[PDB]
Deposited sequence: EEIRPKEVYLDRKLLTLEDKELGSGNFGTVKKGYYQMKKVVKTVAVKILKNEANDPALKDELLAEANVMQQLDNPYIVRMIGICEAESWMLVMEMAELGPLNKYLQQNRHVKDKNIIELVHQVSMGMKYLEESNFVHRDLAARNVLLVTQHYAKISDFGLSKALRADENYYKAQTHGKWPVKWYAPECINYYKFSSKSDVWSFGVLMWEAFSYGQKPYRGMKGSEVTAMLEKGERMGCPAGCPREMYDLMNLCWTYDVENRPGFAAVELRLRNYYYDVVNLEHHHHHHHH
């Protein structure tokens, strides 16, 4: 878990920024091979946020989740993760419009598998969005950014709490209640983004107006070229009633079936 700072080389080129500090590309020397890494580098008591993130990531072990290599303490705190070279899903899709619906299905299914695993592990992501899906290849996606994630208690199926309101289920807004079903809501939004080639959801609207729209039963439209069955799934993810909204097992199962029908 604790990494040697002298085995780590960080590139001066920044990769991304935020109110924690930065993220940078680098290399971690293993026994005989060098591993390319993404390093989240810490700049009041937000130290414990990073350790919590690392603590969540240490427990997760799935192909469709970004792997933690370890933590490094030196000059600043540093969370070392494996590198996904192609970067965020939404930016990739914005710049690669030729990508085919079948490819997008493949990627969203991969995300659904990662989230099904996360659901089984009783973790809530609480920030599932296309920006937080990182591409290893055009055909391999991983879920990133566990800074807001929580391990559910063995007796509860939800967590009670600056929010990405556009990705949030009604019960998150109305009751501050975060569950794997609320991750499912966010996945619907993520799907909409993917099939819109990285377009922003609820363009030009304030959170309060988004909340108002959803309350009236209104939902985002079916993106250009999006198969109707995938849009059906988005709407199912946007089921207002948490209890009737499906879990990731059923969401994943629907994606799996549809995808392997497309390869047949």
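Item to check | Segments lacking C-alpha coordinates (deposited sequence numbering, starting at 1) | outcome: Gaps in the modelled chain, taken against the deposited sequence, lie at 1-7, 51-55, 174-177, 281-290.
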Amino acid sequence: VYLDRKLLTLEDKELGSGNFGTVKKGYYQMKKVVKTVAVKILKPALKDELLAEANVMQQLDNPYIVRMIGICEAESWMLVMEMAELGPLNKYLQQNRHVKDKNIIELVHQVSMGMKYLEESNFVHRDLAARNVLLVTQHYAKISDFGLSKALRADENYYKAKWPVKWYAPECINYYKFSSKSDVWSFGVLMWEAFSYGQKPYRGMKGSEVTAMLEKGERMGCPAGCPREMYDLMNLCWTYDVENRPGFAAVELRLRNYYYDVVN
From here on, numbers count along this sequence of modelled residues.
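Each form is matched to the other, and the largest set of C-alpha atoms that superpose within 1.5 Å is called the rigid core.
Checklist entry - So if we fit everything on the core, which stretch drifts more in 9 other deposited structures of this protein, 139-147 or 73-81, C-alphas only? => result After superposing on the rigid core, the more displaced stretch in 9 other deposited structures of this protein is 73-81.
Next on the checklist: Among the other entries of this protein that were compared (only those with both neighbours built), does residue 216 lack coordinates in at least a third?
Outcome noted: No, residue 216 has coordinates in all the other entries compared.
Checklist entry - For residue 43, does the count of other compared entries lacking it reach at least a third? => result yes, residue 43 frequently unmodelled elsewhere, at least a third of entries.
Next on the checklist: Per the record, averaged over C-alpha atoms, which has the higher B-factor: 52-60 or 26-34?
Outcome noted: Averaged over C-alpha atoms, the B-factors run higher in 26-34.
Item to check | Mean Cα B-factor comparison, 70-78 or 85-93, giving the higher one as deposited | outcome: Of 70-78 and 85-93, the stretch with the higher C-alpha B-factor average is 70-78.
Next on the checklist: Looking at the C-alpha B-factor values in the deposited entry, which of 46, 39, 214, 237 comes out highest?
Outcome noted: Comparing C-alpha B-factors across 46, 39, 214, 237, the top value belongs to 46.
Checklist entry - Checking the entry, which one of 156, 183, 171, 106 has the top C-alpha B factor? => result Among 156, 183, 171, 106, the PDB entry lists the largest C-alpha B-factor for 156.
Next on the checklist: Using the temperature factors of the C-alpha atoms in this entry, rank residue 102 within its chain: lowest, middle or highest third.
Outcome noted: Residue 102: CA B-factor falls in the highest third of its chain.
Checklist entry - Lowest, middle or highest third: where is residue 230 by C-alpha B factor in its chain? => result Residue 230: CA B-factor falls in the highest third of its chain.
Item to check | Third of the chain's Cα B-factor distribution that residue 162 belongs to, per the entry | outcome: For residue 162, whose C-alpha B-factor we compare with every modelled residue in the chain, the answer is the highest third.
Next on the checklist: Taking only the Cα B-factors deposited for this chain, tell me whether residue 247 sits in the lowest, middle or highest third.
Outcome noted: Lowest third - that is where residue 247 ends up once the chain's C-alpha B-factors are sorted.
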